[PDB]
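Engineer: Quick one: this structure, given as structure tokens, is what I'll be asking you about.
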Amino acid sequence: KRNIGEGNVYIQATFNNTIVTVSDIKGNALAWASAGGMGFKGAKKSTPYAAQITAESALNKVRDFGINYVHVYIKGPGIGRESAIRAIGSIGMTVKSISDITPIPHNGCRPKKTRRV
RNA sequence: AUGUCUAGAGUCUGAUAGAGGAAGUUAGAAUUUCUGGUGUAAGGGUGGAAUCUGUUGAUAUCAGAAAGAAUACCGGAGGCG
């Protein structure tokens, strides 16, 4: 039984999966959840509905860590990232900032090759 | 074969644009690996799966260190050779 008050919620929303981590301001992780862990599999893992369920389950995991004050971090092009933020709002835990940490290189590390050569 | 001229072509003077070339320095983002924390059962991937990765602590997240390669935005019915 601890009280933190402040916190962060990281959300990675790629084309295959959604991962939601709830962590301190320092960044130390309190809990996490994922679409694969929420029982979905296959294309369901990347639908906006699965993102909504994953996020709200992640926060329900941490109902009793005495936090109501979060910074949202988003990366990835997934369709339902807005749904993740919307569900975080729907749970009633208030947000103070929304950010993106999507890595944009300065042209290094030549990427993968195209599909269907 | 020997002269003459300046409009062709050059030299000199002045102005000016440019990823032109070579050599020597420097930079940050991102990625990977390694080390140290938080934390748990998935991660990853496809039309759909599996191989693979992960309970020897993954993925995710925070901090530090190292190396390599390439230079987003400017940036195009551009510029130079």
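Letters for chains follow the order of the structure tokens (A, B, ...), residue numbers begin at 1 for each chain, and ligand numbers begin at 1 in the order shown.
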Pick out the residues sitting within 12 Å of residue A:111, and hand them over as a PyMOL selection string; count only C-alpha atoms (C1' of nucleotides), and ignore anything fewer than 2 positions along from it in its own chain.
Structural biologist: (chain A and resi 105+107-109+113-114) or (chain B and resi 30-31+69-70)
Engineer: Dump as a tab-separated table the rows for residues of chain A within 10 Å of chain B: closest atom pair and distance in Å with one decimal, only C-alpha atoms (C1' of nucleotides) counted, ordered by chain and rising residue number.
Structural biologist:
residue	atom	partner	partner_atom	distance
A:9	CA	B:61	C1'	10.0
A:10	CA	B:61	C1'	8.2
A:11	CA	B:60	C1'	9.2
A:12	CA	B:60	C1'	8.5
A:16	CA	B:45	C1'	8.0
A:17	CA	B:44	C1'	9.6
A:19	CA	B:60	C1'	7.3
A:20	CA	B:60	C1'	8.0
A:21	CA	B:60	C1'	6.7
A:22	CA	B:61	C1'	9.0
A:23	CA	B:61	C1'	7.5
A:24	CA	B:38	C1'	8.8
A:25	CA	B:62	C1'	9.8
A:26	CA	B:62	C1'	6.9
A:27	CA	B:62	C1'	5.4
A:28	CA	B:38	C1'	4.1
A:29	CA	B:38	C1'	5.0
A:30	CA	B:39	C1'	6.5
A:31	CA	B:39	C1'	6.4
A:32	CA	B:60	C1'	7.8
A:33	CA	B:40	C1'	9.2
A:34	CA	B:42	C1'	8.7
A:36	CA	B:42	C1'	7.3
A:37	CA	B:42	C1'	6.9
A:42	CA	B:48	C1'	8.3
A:43	CA	B:46	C1'	9.1
A:103	CA	B:30	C1'	6.6
A:104	CA	B:30	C1'	6.6
A:105	CA	B:30	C1'	4.2
A:106	CA	B:72	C1'	4.6
A:107	CA	B:71	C1'	5.6
A:108	CA	B:70	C1'	4.5
A:109	CA	B:31	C1'	6.0
A:110	CA	B:70	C1'	7.4
A:111	CA	B:31	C1'	9.8
Engineer: Those same residues, written as a tab-separated table (two decimals), in the first residue's frame with N, CA, C and O atoms?
Structural biologist:
chain	number	residue	atom	x	y	z
A	9	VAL	N	2.17	7.28	-17.93
A	9	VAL	CA	1.61	6.15	-18.66
A	9	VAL	C	2.24	6.15	-20.04
A	9	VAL	O	2.01	7.08	-20.83
A	10	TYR	N	3.03	5.13	-20.34
A	10	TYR	CA	3.60	4.94	-21.66
A	10	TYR	C	2.71	4.02	-22.47
A	10	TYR	O	2.18	3.04	-21.95
A	11	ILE	N	2.53	4.35	-23.75
A	11	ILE	CA	1.72	3.56	-24.66
A	11	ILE	C	2.46	3.39	-25.97
A	11	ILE	O	2.71	4.37	-26.68
A	12	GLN	N	2.81	2.15	-26.29
A	12	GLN	CA	3.37	1.79	-27.58
A	12	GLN	C	2.26	1.16	-28.41
A	12	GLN	O	1.69	0.14	-28.00
A	16	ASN	N	1.04	-4.26	-34.79
A	16	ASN	CA	0.78	-5.61	-34.33
A	16	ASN	C	0.26	-5.71	-32.92
A	16	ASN	O	-0.40	-6.69	-32.59
A	17	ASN	N	0.56	-4.73	-32.07
A	17	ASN	CA	0.28	-4.90	-30.65
A	17	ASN	C	0.25	-3.54	-29.99
A	17	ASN	O	0.70	-2.54	-30.55
A	19	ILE	N	1.06	-1.92	-26.04
A	19	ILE	CA	1.61	-2.15	-24.71
A	19	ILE	C	1.45	-0.88	-23.89
A	19	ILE	O	1.86	0.20	-24.33
A	20	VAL	N	0.86	-1.01	-22.70
A	20	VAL	CA	0.59	0.12	-21.83
A	20	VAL	C	1.28	-0.12	-20.50
A	20	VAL	O	0.96	-1.08	-19.79
A	21	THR	N	2.22	0.75	-20.15
A	21	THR	CA	2.95	0.65	-18.90
A	21	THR	C	2.61	1.84	-18.02
A	21	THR	O	2.53	2.98	-18.49
A	22	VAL	N	2.40	1.58	-16.73
A	22	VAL	CA	2.13	2.61	-15.74
A	22	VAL	C	3.33	2.67	-14.81
A	22	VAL	O	3.67	1.67	-14.17
A	23	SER	N	3.96	3.85	-14.73
A	23	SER	CA	5.22	3.99	-14.03
A	23	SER	C	5.24	5.29	-13.23
A	23	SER	O	4.36	6.15	-13.37
A	24	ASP	N	6.27	5.42	-12.40
A	24	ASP	CA	6.48	6.59	-11.57
A	24	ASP	C	6.77	7.81	-12.45
A	24	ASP	O	6.83	7.73	-13.67
A	25	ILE	N	6.91	8.96	-11.80
A	25	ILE	CA	7.52	10.11	-12.47
A	25	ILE	C	8.97	9.82	-12.80
A	25	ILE	O	9.47	10.15	-13.88
A	26	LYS	N	9.68	9.19	-11.86
A	26	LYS	CA	11.05	8.77	-12.13
A	26	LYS	C	11.12	7.79	-13.29
A	26	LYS	O	12.18	7.65	-13.91
A	27	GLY	N	10.02	7.11	-13.59
A	27	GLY	CA	9.97	6.15	-14.67
A	27	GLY	C	9.90	4.71	-14.21
A	27	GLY	O	9.63	3.84	-15.03
A	28	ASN	N	10.15	4.44	-12.93
A	28	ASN	CA	10.10	3.07	-12.44
A	28	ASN	C	8.70	2.51	-12.64
A	28	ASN	O	7.71	3.14	-12.26
A	29	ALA	N	8.62	1.33	-13.24
A	29	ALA	CA	7.34	0.79	-13.67
A	29	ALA	C	6.55	0.28	-12.49
A	29	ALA	O	7.07	-0.47	-11.65
A	30	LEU	N	5.28	0.67	-12.42
A	30	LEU	CA	4.37	0.13	-11.42
A	30	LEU	C	3.67	-1.13	-11.93
A	30	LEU	O	3.61	-2.14	-11.23
A	31	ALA	N	3.16	-1.08	-13.16
A	31	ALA	CA	2.51	-2.25	-13.74
A	31	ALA	C	2.51	-2.09	-15.25
A	31	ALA	O	2.99	-1.09	-15.79
A	32	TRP	N	1.97	-3.09	-15.94
A	32	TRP	CA	1.87	-3.01	-17.39
A	32	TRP	C	0.79	-3.97	-17.87
A	32	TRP	O	0.31	-4.83	-17.12
A	33	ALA	N	0.40	-3.81	-19.13
A	33	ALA	CA	-0.58	-4.66	-19.76
A	33	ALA	C	-0.34	-4.63	-21.26
A	33	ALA	O	0.34	-3.74	-21.78
A	34	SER	N	-0.90	-5.61	-21.95
A	34	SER	CA	-0.71	-5.73	-23.39
A	34	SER	C	-1.92	-6.39	-24.01
A	34	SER	O	-2.65	-7.15	-23.36
A	36	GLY	N	-1.86	-8.73	-26.25
A	36	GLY	CA	-1.63	-10.16	-26.22
A	36	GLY	C	-1.96	-10.77	-24.88
A	36	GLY	O	-2.44	-11.91	-24.80
A	37	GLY	N	-1.71	-10.03	-23.80
A	37	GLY	CA	-2.07	-10.51	-22.48
A	37	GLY	C	-3.56	-10.44	-22.20
A	37	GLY	O	-4.07	-11.20	-21.37
A	42	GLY	N	-3.97	-12.44	-33.11
A	42	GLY	CA	-4.22	-12.19	-34.51
A	42	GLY	C	-4.47	-10.72	-34.76
A	42	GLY	O	-3.98	-9.88	-34.00
A	43	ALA	N	-5.22	-10.40	-35.81
A	43	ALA	CA	-5.45	-9.01	-36.15
A	43	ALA	C	-6.20	-8.26	-35.06
A	43	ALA	O	-6.17	-7.02	-35.05
A	103	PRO	N	10.44	7.72	-32.27
A	103	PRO	CA	11.82	8.03	-32.65
A	103	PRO	C	11.91	8.37	-34.12
A	103	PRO	O	11.52	7.57	-34.98
A	104	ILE	N	12.43	9.55	-34.42
A	104	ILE	CA	12.61	10.01	-35.79
A	104	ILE	C	14.10	10.18	-36.03
A	104	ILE	O	14.71	11.14	-35.57
A	105	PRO	N	14.72	9.26	-36.76
A	105	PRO	CA	16.17	9.32	-36.94
A	105	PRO	C	16.57	10.50	-37.81
A	105	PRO	O	15.77	11.09	-38.53
A	106	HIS	N	17.86	10.84	-37.72
A	106	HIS	CA	18.48	11.85	-38.56
A	106	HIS	C	19.20	11.21	-39.74
A	106	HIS	O	20.26	11.66	-40.16
A	107	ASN	N	18.58	10.15	-40.29
A	107	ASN	CA	19.13	9.29	-41.33
A	107	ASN	C	20.31	8.44	-40.87
A	107	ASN	O	21.43	8.61	-41.36
A	108	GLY	N	20.08	7.53	-39.93
A	108	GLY	CA	21.04	6.50	-39.62
A	108	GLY	C	20.37	5.14	-39.60
A	108	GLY	O	19.14	5.04	-39.58
A	109	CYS	N	21.19	4.09	-39.63
A	109	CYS	CA	20.72	2.72	-39.50
A	109	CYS	C	19.71	2.38	-40.60
A	109	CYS	O	18.50	2.29	-40.38
A	110	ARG	N	20.24	2.24	-41.81
A	110	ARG	CA	19.50	1.86	-43.01
A	110	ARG	C	18.42	0.83	-42.71
A	110	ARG	O	18.72	-0.26	-42.21
A	111	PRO	N	17.17	1.13	-43.03
A	111	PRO	CA	16.06	0.28	-42.60
A	111	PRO	C	15.95	-0.98	-43.44
A	111	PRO	O	16.71	-1.22	-44.36
Engineer: Give me every helix (DSSP H, G or I) residue in stretch 3-102 of chain A, going by DSSP on the backbone, as number ranges by chain.
Structural biologist: A: 42-46, 48-60, 81-90
Engineer: Could you take the residues named above and write them with C-alpha atoms, as a PDB file, in the first residue's frame?
Structural biologist:
ATOM      1  CA  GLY A  42      -4.225 -12.194 -34.511  1.00  0.00           C
ATOM      2  CA  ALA A  43      -5.453  -9.008 -36.150  1.00  0.00           C
ATOM      3  CA  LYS A  44      -7.581  -8.284 -33.071  1.00  0.00           C
ATOM      4  CA  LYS A  45      -4.418  -7.229 -31.248  1.00  0.00           C
ATOM      5  CA  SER A  46      -4.234  -3.967 -33.207  1.00  0.00           C
ATOM      6  CA  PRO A  48      -8.749   0.314 -31.469  1.00  0.00           C
ATOM      7  CA  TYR A  49     -11.160  -1.626 -29.250  1.00  0.00           C
ATOM      8  CA  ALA A  50      -8.343  -3.870 -28.047  1.00  0.00           C
ATOM      9  CA  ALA A  51      -6.254  -0.774 -27.348  1.00  0.00           C
ATOM     10  CA  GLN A  52      -9.077   0.662 -25.241  1.00  0.00           C
ATOM     11  CA  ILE A  53      -9.485  -2.558 -23.260  1.00  0.00           C
ATOM     12  CA  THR A  54      -5.734  -2.931 -22.767  1.00  0.00           C
ATOM     13  CA  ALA A  55      -5.301   0.606 -21.462  1.00  0.00           C
ATOM     14  CA  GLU A  56      -8.244   0.486 -19.089  1.00  0.00           C
ATOM     15  CA  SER A  57      -7.122  -2.885 -17.729  1.00  0.00           C
ATOM     16  CA  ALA A  58      -3.641  -1.483 -17.157  1.00  0.00           C
ATOM     17  CA  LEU A  59      -5.050   1.377 -15.097  1.00  0.00           C
ATOM     18  CA  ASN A  60      -7.451  -0.907 -13.192  1.00  0.00           C
ATOM     19  CA  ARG A  81      -3.837   5.429 -29.881  1.00  0.00           C
ATOM     20  CA  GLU A  82      -6.479   8.121 -29.540  1.00  0.00           C
ATOM     21  CA  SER A  83      -8.641   5.325 -28.123  1.00  0.00           C
ATOM     22  CA  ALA A  84      -5.966   4.580 -25.531  1.00  0.00           C
ATOM     23  CA  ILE A  85      -5.942   8.196 -24.355  1.00  0.00           C
ATOM     24  CA  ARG A  86      -9.745   8.305 -24.475  1.00  0.00           C
ATOM     25  CA  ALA A  87     -10.004   5.249 -22.229  1.00  0.00           C
ATOM     26  CA  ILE A  88      -7.457   6.686 -19.806  1.00  0.00           C
ATOM     27  CA  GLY A  89      -9.755   9.688 -19.586  1.00  0.00           C
ATOM     28  CA  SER A  90     -12.870   7.533 -19.274  1.00  0.00           C
TER      29      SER A  90
END
Engineer: Point out the residue among B:80, B:63, B:17, B:7 with the least atom-to-atom distance to residue B:35, counting only C-alpha atoms (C1' of nucleotides).
Structural biologist: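 When distances to residue B:35 are compared using only C-alpha atoms (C1' of nucleotides), the smallest one comes from B:63.
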Engineer: Would you pick out the contacts of stretch 95-101 of chain A at 7 Å or less, using only C-alpha atoms (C1' of nucleotides), so that residues sharing its chain but fewer than 5 positions from it are not included, and give the list as a list in words?
Structural biologist: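 The neighbour list is residues 69, 70, 71, 72, 73, 74 and 75 of chain A.
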Engineer: Write out as a list in words the residues lying within 7 Å of residue A:76, counting only C-alpha atoms (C1' of nucleotides) and excluding same-chain residues fewer than 5 positions away.
Structural biologist: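 Once the nearby chain positions are removed, what remains is residues 12, 13, 14 and 102 of chain A.
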Engineer: Keeping N, CA, C and O atoms, export the residues of the selection given above as a PDB file, in the first residue's frame.
Structural biologist:
ATOM      1  N   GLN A  12       2.813   2.150 -26.289  1.00  0.00           N
ATOM      2  CA  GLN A  12       3.366   1.795 -27.584  1.00  0.00           C
ATOM      3  C   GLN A  12       2.258   1.157 -28.407  1.00  0.00           C
ATOM      4  O   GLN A  12       1.687   0.143 -27.996  1.00  0.00           O
ATOM      5  N   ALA A  13       1.955   1.748 -29.562  1.00  0.00           N
ATOM      6  CA  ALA A  13       0.854   1.305 -30.416  1.00  0.00           C
ATOM      7  C   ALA A  13       1.386   1.096 -31.827  1.00  0.00           C
ATOM      8  O   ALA A  13       1.337   2.001 -32.660  1.00  0.00           O
ATOM      9  N   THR A  14       1.888  -0.103 -32.092  1.00  0.00           N
ATOM     10  CA  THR A  14       2.381  -0.466 -33.406  1.00  0.00           C
ATOM     11  C   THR A  14       1.298  -1.217 -34.167  1.00  0.00           C
ATOM     12  O   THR A  14       0.190  -1.434 -33.676  1.00  0.00           O
ATOM     13  N   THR A 102       7.905   9.127 -30.396  1.00  0.00           N
ATOM     14  CA  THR A 102       8.159   8.341 -31.592  1.00  0.00           C
ATOM     15  C   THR A 102       9.536   8.689 -32.131  1.00  0.00           C
ATOM     16  O   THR A 102       9.798   9.861 -32.434  1.00  0.00           O
TER      17      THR A 102
END
Engineer: Using DSSP assignments from the backbone, pull out every residue in stretch 1-87 of chain A that falls under strand (DSSP E or B) and give it to me as an NGL selection string.
Structural biologist: :A and (5-13 or 18-23 or 29-34 or 67-75)
Engineer: Looking at A:80, A:5, A:66, A:39, which one is nearest to residue A:18, with distances taken over only C-alpha atoms?
Structural biologist: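 Looking at the shortest contact to residue A:18, the residue is A:80.
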